[PDB]
């Protein structure tokens, strides 16, 4: 199989989920996990099951690393690895029915080859294909214009950060917005609408697709130390326009750094 061929299969499968999701929204059940605000719905689980049955049924060699199942499951060493957040932004799904997505990323011998962020509520499928480029619904994306921090909007979670560094990021930037799903706030950076998105504790599925978007669109995607991220393991991370990446990291690691307690 060629990559365009695999993409044809995956797009096709993502598109056919437009048919299923409404039914699941209509019969939505909710459980908690690590605490009462750590939600998981019937929608998350059904989308994951169906992808795994789809993977089993076309790429039986390939593995799945995904949020709503256990994963061991090794480096890398796994020739063909899929990583999935069946619903990124479950809270938003639950509370708003909007601003959530589906994340998939394909890795061959550890190198990222295909990435998808599907903004279902707005029927906007973002994908990235190595050798072809990045697209939103077939409309090819290009590297965004340079944005300095003071000219850019930033997105991050202000509840899990020391309020001093929160303030500094407000002061240093043009404005603050939050969509509330890593894949969506990440896409706003890829489109050039936000200068940078931060998440101080993502799981691997929250950021798996963004790797290839960052590469093909000359974005910086690093740890909050400016280091490479290991796609199997999470790390605190940033996805940024090139002209403001250094400035945001400088601000975050300043004065003892960015955690509550420093």
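Residue numbers count along the first chain shown, from 1. Each form is matched to the other, and the largest set of C-alpha atoms that superpose within 1.5 Å is called the rigid core.
Of the two stretches examined, 23-31 and 195-203, the one with higher mean CA deviation in 4 other deposited structures of this protein after a rigid core fit is 23-31. Compared with the other entries of this protein, residue 76 is frequently left unbuilt, missing from a third or more of those that build its neighbours. Judged by mean Cα B factor in the deposited record, 157-165 ranks above the other of 81-89 and 157-165. The mean C-alpha temperature factor is higher for 106-114 when 106-114 and 183-191 are set side by side. In the PDB entry, the Cα temperature factor peaks, among 65, 198, 212, 26, at 26. Compared with the other modelled residues of the chain, the Cα B-factor recorded for residue 150 ranks in the middle third. In the PDB entry, residue 101 places in the lowest third of its chain by CA B-factor. For residue 230, the recorded CA temperature factor ranks within the middle third of the chain's modelled residues. Residue 51: CA B factor in the middle third of modelled residues in this chain (values from the PDB entry). Per-chain ranking of the deposited C-alpha B factor places residue 39 in the highest third.
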